[PDB]
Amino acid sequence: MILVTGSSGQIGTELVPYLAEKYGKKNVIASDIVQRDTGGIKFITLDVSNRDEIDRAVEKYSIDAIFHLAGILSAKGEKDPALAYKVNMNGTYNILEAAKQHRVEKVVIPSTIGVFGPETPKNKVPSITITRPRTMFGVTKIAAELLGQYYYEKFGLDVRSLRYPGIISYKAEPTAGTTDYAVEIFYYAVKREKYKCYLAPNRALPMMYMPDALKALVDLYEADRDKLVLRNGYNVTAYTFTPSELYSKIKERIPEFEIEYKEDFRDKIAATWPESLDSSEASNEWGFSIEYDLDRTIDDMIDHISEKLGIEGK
């Protein structure tokens, strides 16, 4: 039995059916504080900041594994750091302690490049490096990585984590993040509307397409224990680009659209993160691999976004 926390988010929206197709709908339980269609998969309300609720869910459903996705992202976290701290910090502690107290075999946590700060090298950053985040989001995530590793070393609980770069997807619409522009831009492109980008034209960031992000998280979950040395904090990425480069590439497909740059607080956040990551450790220790390069995800996004907005009929 697999429990997914924060299932209604950008990742959960796709991870839940992904897990169900691979392990069976009856073996997956979706949960969040906000319910959304789960395609026939069992959904339970669960606030991770409430340890009592986690205990009850884990007990009632004999949970064997937890994909802990519940949390407040970088942007939303800066608007309300107190909320980010409660949900991210204490929510993760609750999940770890609950898993340990009950007999949950594995806990998988999606970390982020948000654990990095200004002092972290900007190019091809390895997994073991400087981690001095400057956002509440980043502080809570590096703490989660450290607590996860501690729960394994101290109690033997199988906790694993990877650090995702910005994730591009079309099934769910991201809202509380900093890398969301990489998704938003496609909607404006397909509608031939001028896009107002909130990041600097040259703000380079590591990114990856949802299909690969899902495969990576499940590959880590299924990885052989004998090769998991780093265990927590694996850098993963597919490619790096700036808003001006992505715009330029989308234009090669849809020339009748434009962009203007009006930076806000999110560009200040992105400025503290590295431009590209070195994912060699993830590939060496558990076979991490990418199937969608930039060209492929661009054409795939235009494809699905067009059908979603009725540009290309059903």
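From 1 onward, residues are counted along the sequence shown.
Trainee: Tell me which of 3 to 11 and 305 to 313 has the higher mean C-alpha B-factor in the deposited entry.
Mentor: Result of the comparison: 305 to 313.
Trainee: Please compare 158 to 166 with 78 to 86 and say which has the higher mean C-alpha temperature factor in the record.
Mentor: 78 to 86 has the higher mean C-alpha B-factor.
Trainee: Would you mind checking which of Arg231, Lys215, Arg103, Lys106 has the top Cα temperature factor in the PDB entry?
Mentor: That would be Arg103, according to the entry.
Trainee: Among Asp32, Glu258, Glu285, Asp64, which carries the highest Cα B-factor?
Mentor: Reading the PDB entry, the winner on C-alpha B-factor is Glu258.
Trainee: For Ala204, does the deposited CA B-factor place it in the lowest, middle or highest third of the chain?
Mentor: It falls in the middle third of the chain.
Trainee: If you rank every modelled residue in this chain by C-alpha B factor, which third holds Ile185: lowest, middle or highest?
Mentor: Top third by C-alpha B-factor.
Trainee: For the chain shown, is the CA B-factor of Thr175 in the lowest, middle or highest third of its modelled residues?
Mentor: It belongs to the highest third of the chain when residues are ordered by C-alpha B-factor.
Trainee: Taking the values exactly as deposited, rank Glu193 by C-alpha B-factor within its chain and report the matching third: lowest, middle or highest.
Mentor: CA B-factor rank for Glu193: highest third.
Trainee: Can you tell me whether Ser248 has a C-alpha B-factor in the lowest, middle or highest third compared with the other modelled residues of the same chain?
Mentor: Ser248: CA B-factor falls in the highest third of its chain.
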